[PDB]
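Chemist: One file: model_10.txt (compact mmCIF, N, CA and C atoms).
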# COMPACT_ATOMS: atom_id res chain seq x y z
N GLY A 1 0.80 -1.21 0.00
CA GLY A 1 0.00 0.00 0.00
C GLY A 1 0.84 1.26 0.00
N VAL A 2 0.77 2.02 -1.09
CA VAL A 2 1.54 3.24 -1.26
C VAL A 2 0.56 4.39 -1.49
N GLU A 3 0.43 5.26 -0.49
CA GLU A 3 -0.33 6.50 -0.61
C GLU A 3 0.66 7.65 -0.73
N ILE A 4 0.54 8.42 -1.80
CA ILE A 4 1.47 9.49 -2.13
C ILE A 4 0.89 10.81 -1.66
N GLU A 5 1.69 11.58 -0.92
CA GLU A 5 1.29 12.91 -0.46
C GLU A 5 2.37 13.89 -0.92
N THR A 6 2.15 14.50 -2.08
CA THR A 6 3.18 15.27 -2.76
C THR A 6 3.20 16.71 -2.27
N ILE A 7 4.35 17.15 -1.77
CA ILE A 7 4.67 18.57 -1.73
C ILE A 7 4.94 19.00 -3.16
N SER A 8 4.12 19.93 -3.65
CA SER A 8 3.86 20.22 -5.07
C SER A 8 5.02 20.43 -6.07
N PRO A 9 6.17 21.06 -5.75
CA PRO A 9 7.16 21.31 -6.81
C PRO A 9 7.78 20.04 -7.37
N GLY A 10 8.05 20.09 -8.67
CA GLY A 10 8.46 18.94 -9.45
C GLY A 10 8.20 19.16 -10.92
N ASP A 11 8.02 18.10 -11.70
CA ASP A 11 7.66 18.30 -13.10
C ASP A 11 6.44 17.47 -13.50
N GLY A 12 6.22 16.37 -12.78
CA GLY A 12 5.07 15.52 -13.03
C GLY A 12 5.17 14.62 -14.23
N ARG A 13 6.30 14.62 -14.94
CA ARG A 13 6.40 13.93 -16.22
C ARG A 13 7.54 12.92 -16.32
N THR A 14 8.65 13.11 -15.61
CA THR A 14 9.83 12.27 -15.80
C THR A 14 9.75 11.15 -14.77
N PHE A 15 9.13 10.07 -15.14
CA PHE A 15 9.03 8.95 -14.23
C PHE A 15 10.28 8.10 -14.27
N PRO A 16 10.66 7.50 -13.15
CA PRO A 16 11.65 6.43 -13.19
C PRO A 16 11.05 5.19 -13.82
N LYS A 17 11.80 4.62 -14.76
CA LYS A 17 11.38 3.43 -15.48
C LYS A 17 12.35 2.30 -15.14
N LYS A 18 12.21 1.19 -15.86
CA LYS A 18 12.88 -0.05 -15.48
C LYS A 18 14.39 0.04 -15.65
N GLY A 19 15.11 -0.32 -14.58
CA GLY A 19 16.56 -0.29 -14.57
C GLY A 19 17.18 1.09 -14.47
N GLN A 20 16.38 2.13 -14.25
CA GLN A 20 16.88 3.50 -14.24
C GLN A 20 17.39 3.84 -12.85
N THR A 21 18.69 4.12 -12.75
CA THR A 21 19.30 4.49 -11.48
C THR A 21 18.83 5.88 -11.08
N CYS A 22 17.90 5.93 -10.14
CA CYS A 22 17.22 7.16 -9.77
C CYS A 22 17.63 7.57 -8.36
N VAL A 23 17.55 8.87 -8.11
CA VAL A 23 18.21 9.52 -6.98
C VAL A 23 17.14 10.14 -6.09
N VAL A 24 17.14 9.76 -4.81
CA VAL A 24 16.07 10.11 -3.87
C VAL A 24 16.68 10.69 -2.60
N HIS A 25 16.24 11.90 -2.24
CA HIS A 25 16.52 12.47 -0.92
C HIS A 25 15.51 11.89 0.07
N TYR A 26 15.71 10.63 0.44
CA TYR A 26 14.75 10.06 1.37
C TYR A 26 15.15 10.38 2.81
N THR A 27 14.14 10.52 3.66
CA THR A 27 14.36 10.77 5.08
C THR A 27 13.30 9.97 5.82
N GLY A 28 13.69 8.82 6.35
CA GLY A 28 12.74 7.91 6.96
C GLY A 28 12.24 8.41 8.30
N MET A 29 11.19 7.75 8.79
CA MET A 29 10.53 8.16 10.01
C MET A 29 9.73 6.98 10.54
N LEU A 30 9.72 6.82 11.86
CA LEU A 30 8.85 5.85 12.50
C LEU A 30 7.55 6.54 12.92
N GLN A 31 6.43 5.87 12.65
CA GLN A 31 5.13 6.37 13.10
C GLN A 31 5.09 6.39 14.62
N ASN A 32 4.70 7.54 15.18
CA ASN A 32 4.78 7.85 16.61
C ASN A 32 6.20 7.64 17.12
N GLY A 33 7.18 8.02 16.31
CA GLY A 33 8.57 7.76 16.61
C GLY A 33 9.49 8.71 15.88
N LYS A 34 10.78 8.54 16.12
CA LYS A 34 11.80 9.39 15.52
C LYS A 34 12.24 8.80 14.18
N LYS A 35 13.26 9.41 13.59
CA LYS A 35 13.87 8.93 12.36
C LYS A 35 14.52 7.57 12.57
N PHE A 36 14.71 6.85 11.47
CA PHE A 36 15.54 5.65 11.51
C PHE A 36 16.55 5.57 10.38
N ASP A 37 16.36 6.30 9.29
CA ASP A 37 17.31 6.28 8.18
C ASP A 37 17.12 7.56 7.39
N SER A 38 18.20 8.06 6.81
CA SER A 38 18.14 9.32 6.08
C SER A 38 19.31 9.42 5.11
N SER A 39 18.99 9.58 3.83
CA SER A 39 19.98 9.95 2.84
C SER A 39 20.42 11.40 2.98
N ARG A 40 19.66 12.22 3.71
CA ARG A 40 20.13 13.56 4.03
C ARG A 40 21.26 13.52 5.05
N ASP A 41 21.28 12.50 5.91
CA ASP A 41 22.37 12.37 6.86
C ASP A 41 23.65 11.96 6.15
N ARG A 42 23.59 10.88 5.37
CA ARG A 42 24.77 10.38 4.68
C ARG A 42 25.17 11.26 3.51
N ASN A 43 24.25 12.11 3.05
CA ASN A 43 24.44 13.11 1.98
C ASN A 43 24.78 12.47 0.63
N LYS A 44 24.55 11.16 0.50
CA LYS A 44 24.54 10.47 -0.79
C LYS A 44 23.09 10.05 -0.99
N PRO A 45 22.36 10.69 -1.87
CA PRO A 45 20.92 10.41 -1.98
C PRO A 45 20.58 9.15 -2.77
N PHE A 46 21.32 8.06 -2.52
CA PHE A 46 20.89 6.68 -2.70
C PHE A 46 20.49 6.39 -4.16
N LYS A 47 21.52 6.39 -5.00
CA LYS A 47 21.34 6.19 -6.42
C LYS A 47 20.97 4.73 -6.70
N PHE A 48 19.68 4.42 -6.61
CA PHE A 48 19.20 3.05 -6.76
C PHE A 48 18.40 2.95 -8.05
N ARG A 49 18.28 1.73 -8.55
CA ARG A 49 17.56 1.47 -9.79
C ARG A 49 16.21 0.83 -9.51
N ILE A 50 15.32 0.95 -10.49
CA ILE A 50 13.95 0.47 -10.41
C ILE A 50 13.88 -0.90 -11.08
N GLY A 51 13.24 -1.85 -10.42
CA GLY A 51 12.93 -3.12 -11.03
C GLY A 51 13.80 -4.29 -10.61
N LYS A 52 14.63 -4.12 -9.59
CA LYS A 52 15.46 -5.20 -9.09
C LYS A 52 15.05 -5.64 -7.70
N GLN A 53 14.01 -5.00 -7.13
CA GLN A 53 13.55 -5.19 -5.76
C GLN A 53 14.66 -4.96 -4.74
N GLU A 54 15.54 -4.00 -5.05
CA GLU A 54 16.51 -3.51 -4.08
C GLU A 54 15.80 -2.91 -2.88
N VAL A 55 14.95 -1.93 -3.14
CA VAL A 55 14.16 -1.28 -2.12
C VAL A 55 12.89 -2.06 -1.87
N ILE A 56 12.16 -1.69 -0.82
CA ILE A 56 10.91 -2.33 -0.44
C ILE A 56 9.83 -2.02 -1.47
N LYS A 57 8.73 -2.77 -1.41
CA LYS A 57 7.61 -2.52 -2.30
C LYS A 57 6.87 -1.24 -1.93
N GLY A 58 7.00 -0.79 -0.68
CA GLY A 58 6.41 0.48 -0.30
C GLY A 58 7.15 1.68 -0.85
N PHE A 59 8.37 1.48 -1.32
CA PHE A 59 9.19 2.57 -1.86
C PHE A 59 9.48 2.39 -3.34
N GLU A 60 9.50 1.15 -3.82
CA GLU A 60 9.67 0.92 -5.26
C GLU A 60 8.41 1.32 -6.02
N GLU A 61 7.24 1.02 -5.47
CA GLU A 61 6.00 1.49 -6.06
C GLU A 61 5.85 3.00 -5.91
N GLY A 62 6.39 3.56 -4.83
CA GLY A 62 6.32 5.00 -4.64
C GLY A 62 7.19 5.77 -5.61
N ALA A 63 8.27 5.16 -6.09
CA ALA A 63 9.18 5.87 -6.99
C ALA A 63 8.60 6.03 -8.39
N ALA A 64 7.94 4.99 -8.91
CA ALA A 64 7.31 5.10 -10.22
C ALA A 64 6.09 6.01 -10.19
N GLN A 65 5.41 6.11 -9.06
CA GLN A 65 4.29 7.03 -8.88
C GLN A 65 4.73 8.47 -8.69
N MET A 66 6.03 8.72 -8.58
CA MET A 66 6.57 10.07 -8.49
C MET A 66 7.37 10.40 -9.74
N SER A 67 7.60 11.69 -9.95
CA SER A 67 8.37 12.18 -11.08
C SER A 67 9.51 13.06 -10.57
N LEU A 68 10.29 13.59 -11.51
CA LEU A 68 11.46 14.40 -11.19
C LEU A 68 11.09 15.69 -10.46
N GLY A 69 11.82 15.98 -9.38
CA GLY A 69 11.56 17.14 -8.58
C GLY A 69 10.52 16.96 -7.51
N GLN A 70 9.61 15.99 -7.67
CA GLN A 70 8.49 15.81 -6.75
C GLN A 70 8.97 15.45 -5.36
N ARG A 71 8.22 15.93 -4.37
CA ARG A 71 8.53 15.73 -2.96
C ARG A 71 7.29 15.10 -2.34
N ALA A 72 7.20 13.78 -2.41
CA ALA A 72 6.04 13.12 -1.84
C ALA A 72 6.30 12.82 -0.36
N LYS A 73 5.40 12.03 0.22
CA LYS A 73 5.54 11.60 1.61
C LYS A 73 4.92 10.22 1.71
N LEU A 74 5.75 9.19 1.84
CA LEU A 74 5.24 7.84 1.87
C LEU A 74 4.55 7.52 3.20
N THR A 75 3.73 6.48 3.15
CA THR A 75 3.20 5.82 4.34
C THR A 75 3.23 4.34 3.99
N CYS A 76 4.33 3.68 4.33
CA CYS A 76 4.51 2.28 4.00
C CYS A 76 3.81 1.43 5.04
N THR A 77 3.08 0.43 4.57
CA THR A 77 2.32 -0.44 5.45
C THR A 77 3.26 -1.42 6.17
N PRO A 78 2.75 -2.19 7.14
CA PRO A 78 3.55 -3.33 7.63
C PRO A 78 3.98 -4.31 6.56
N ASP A 79 3.06 -4.81 5.74
CA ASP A 79 3.36 -5.92 4.84
C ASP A 79 4.21 -5.54 3.63
N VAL A 80 4.61 -4.28 3.46
CA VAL A 80 5.51 -3.93 2.37
C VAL A 80 6.97 -3.87 2.79
N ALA A 81 7.27 -3.55 4.06
CA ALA A 81 8.67 -3.45 4.49
C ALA A 81 9.05 -4.43 5.58
N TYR A 82 8.45 -4.32 6.78
CA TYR A 82 8.94 -5.10 7.92
C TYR A 82 7.84 -5.51 8.88
N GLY A 83 6.62 -5.76 8.39
CA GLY A 83 5.53 -6.11 9.29
C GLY A 83 5.67 -7.49 9.89
N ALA A 84 5.91 -8.49 9.04
CA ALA A 84 6.10 -9.85 9.54
C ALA A 84 7.48 -10.03 10.14
N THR A 85 8.52 -9.58 9.43
CA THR A 85 9.88 -9.84 9.87
C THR A 85 10.28 -8.91 11.01
N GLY A 86 10.36 -7.61 10.74
CA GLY A 86 10.84 -6.66 11.72
C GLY A 86 12.35 -6.68 11.85
N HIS A 87 12.96 -5.51 11.87
CA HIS A 87 14.40 -5.56 12.00
C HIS A 87 14.78 -5.55 13.48
N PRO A 88 15.80 -6.32 13.88
CA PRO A 88 16.24 -6.31 15.28
C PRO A 88 16.85 -4.99 15.72
N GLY A 89 16.23 -4.34 16.69
CA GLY A 89 16.75 -3.13 17.28
C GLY A 89 16.34 -1.85 16.58
N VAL A 90 16.00 -1.91 15.30
CA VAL A 90 15.77 -0.73 14.48
C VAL A 90 14.30 -0.54 14.17
N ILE A 91 13.71 -1.47 13.43
CA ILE A 91 12.32 -1.37 12.99
C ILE A 91 11.60 -2.63 13.43
N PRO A 92 10.66 -2.54 14.37
CA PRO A 92 10.07 -3.75 14.96
C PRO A 92 9.13 -4.44 13.98
N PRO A 93 8.69 -5.66 14.28
CA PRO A 93 7.60 -6.25 13.50
C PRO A 93 6.31 -5.45 13.67
N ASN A 94 5.46 -5.55 12.64
CA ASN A 94 4.20 -4.82 12.52
C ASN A 94 4.43 -3.31 12.62
N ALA A 95 5.19 -2.78 11.65
CA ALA A 95 5.61 -1.39 11.66
C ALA A 95 5.10 -0.68 10.42
N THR A 96 4.42 0.44 10.62
CA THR A 96 3.90 1.25 9.53
C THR A 96 4.86 2.42 9.30
N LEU A 97 5.72 2.28 8.30
CA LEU A 97 6.89 3.14 8.14
C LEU A 97 6.53 4.42 7.41
N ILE A 98 7.23 5.50 7.74
CA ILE A 98 6.96 6.84 7.23
C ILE A 98 8.23 7.36 6.56
N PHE A 99 8.07 8.10 5.46
CA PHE A 99 9.21 8.54 4.66
C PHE A 99 9.00 9.94 4.10
N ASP A 100 10.06 10.75 4.12
CA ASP A 100 10.11 12.02 3.40
C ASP A 100 10.86 11.78 2.10
N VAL A 101 10.13 11.56 1.01
CA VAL A 101 10.71 11.15 -0.26
C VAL A 101 10.67 12.33 -1.21
N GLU A 102 11.84 12.71 -1.72
CA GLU A 102 11.97 13.73 -2.75
C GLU A 102 12.76 13.16 -3.92
N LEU A 103 12.14 13.14 -5.10
CA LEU A 103 12.70 12.48 -6.27
C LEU A 103 13.37 13.53 -7.16
N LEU A 104 14.66 13.75 -6.93
CA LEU A 104 15.51 14.51 -7.84
C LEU A 104 16.44 13.50 -8.49
N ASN A 105 15.95 12.84 -9.53
CA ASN A 105 16.55 11.60 -10.00
C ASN A 105 17.54 11.83 -11.14
N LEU A 106 18.15 10.74 -11.58
CA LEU A 106 18.93 10.66 -12.80
C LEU A 106 18.43 9.48 -13.62
N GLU A 107 19.00 9.34 -14.82
CA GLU A 107 18.61 8.35 -15.84
C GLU A 107 17.11 8.36 -16.16
The structure in this file should be written as structure tokens.

Modeler:
Amino acid sequence: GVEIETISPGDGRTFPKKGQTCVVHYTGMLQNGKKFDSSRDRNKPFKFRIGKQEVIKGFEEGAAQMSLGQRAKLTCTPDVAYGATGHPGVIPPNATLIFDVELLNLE
């Protein structure tokens, strides 16, 4: 389940397509919680490609639904990232993950 909440600036037209190494200023967030991951912290905005299931389904589906420049806001469900599994110490099981996603991509 990917619900997109776009902060309006962007272009609306340049979608990431298959195998395209696209660049995201993501800034993760726990629901009723603090941050857990941020490409703004590492300052390398995570040049990942579409269609290899590198990222979760809550963020891979969110990337194609966004275009260049767009600043959406994800709400990833439990069953797309870590609901059944849960990461030890970081993201528990049954977790509804939150993201500040801005798509200033390449390719």

Chemist: One number please: atom CA of residue A:17 to atom C of residue A:60, in Å, one decimal.

Modeler: 10.1 Å

Chemist: Name the residues in contact with residue A:98 at a cut-off of 8 Å, using only N, CA and C atoms, excluding same-chain residues fewer than 3 positions from it; report them as JSON, numbers by chain.

Modeler: {"A": [27, 28, 29, 30, 31, 73, 74, 75, 76, 77, 95, 101]}

Chemist: What is the atom C of residue A:12-atom CA of residue A:68 distance in Å, reported with one decimal?

Modeler: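 Atom CA of residue A:68 lies 7.0 Å from atom C of residue A:12.
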
Chemist: Take every atom of stretch 23-38 of chain A listed in the file, pad by 6 Å on each side, and give me the axis-aligned box centre and edge lengths in Å, one decimal, as AutoDock Vina command-line options.

Modeler:
--center_x 12.0 --center_y 9.0 --center_z 4.5 --size_x 26.6 --size_y 18.9 --size_z 37.2

Chemist: Have a look at atom N of residue A:94 and atom N of residue A:64 and let me know their distance in Å, one decimal.

Modeler: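 Calculated distance between atom N of residue A:94 and atom N of residue A:64 is 24.1 Å.
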
Chemist: Taking (7.8, 20.9, -3.5) in the file's coordinates as the center, which residues reach within 9 Å of it, counting only C-alpha atoms, put as JSON, numbers by chain?

Modeler: {"A": [6, 7, 8, 9, 10, 69, 70, 71, 72, 102]}

Chemist: Given the choices A:25, A:52, A:87, A:18, which gets closest to residue A:39 if the distance is worked out from only N, CA and C atoms?

Modeler: A:25

Chemist: Go through chain A and collect every residue that DSSP, computed from the backbone, puts in strand (DSSP E or B); the answer should be as a PyMOL selection string.

Modeler: chain A and resi 7+21-22+24+27-30+38+48-49+71-76+97-103

Chemist: Pick out the closest residue to residue A:96 from this set: A:32, A:13, A:40, A:49. Count all atoms listed in the file.

Modeler: A:32

Chemist: Counting only C-alpha atoms, which residue out of A:97, A:104, A:23, A:85 sits closest to residue A:46?

Modeler: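 Once distances to residue A:46 are computed over only C-alpha atoms, the minimum belongs to A:23.
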
Chemist: Check the smallest atom-to-atom distance from each of A:50, A:63, A:56, A:4 to residue A:82 using all atoms listed in the file, then report the winner.

Modeler: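 Of the candidates, the smallest distance to residue A:82 is held by A:56.
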
Chemist: Identify all residues of chain A in alpha helix (DSSP H) (DSSP on the backbone) and supply them as a VMD selection string.

Modeler: chain A and resid 39 to 42 57 to 64

Chemist: Given the point (18.6, 3.6, -9.2) in the file's coordinates, find the residues that have an atom at most 5 Å from it, counting all atoms listed in the file, and give them as a list in words.

Modeler: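 Final list of nearby residues, as requested, is residues 20, 21, 22, 47, 48, 49 and 50 of chain A.
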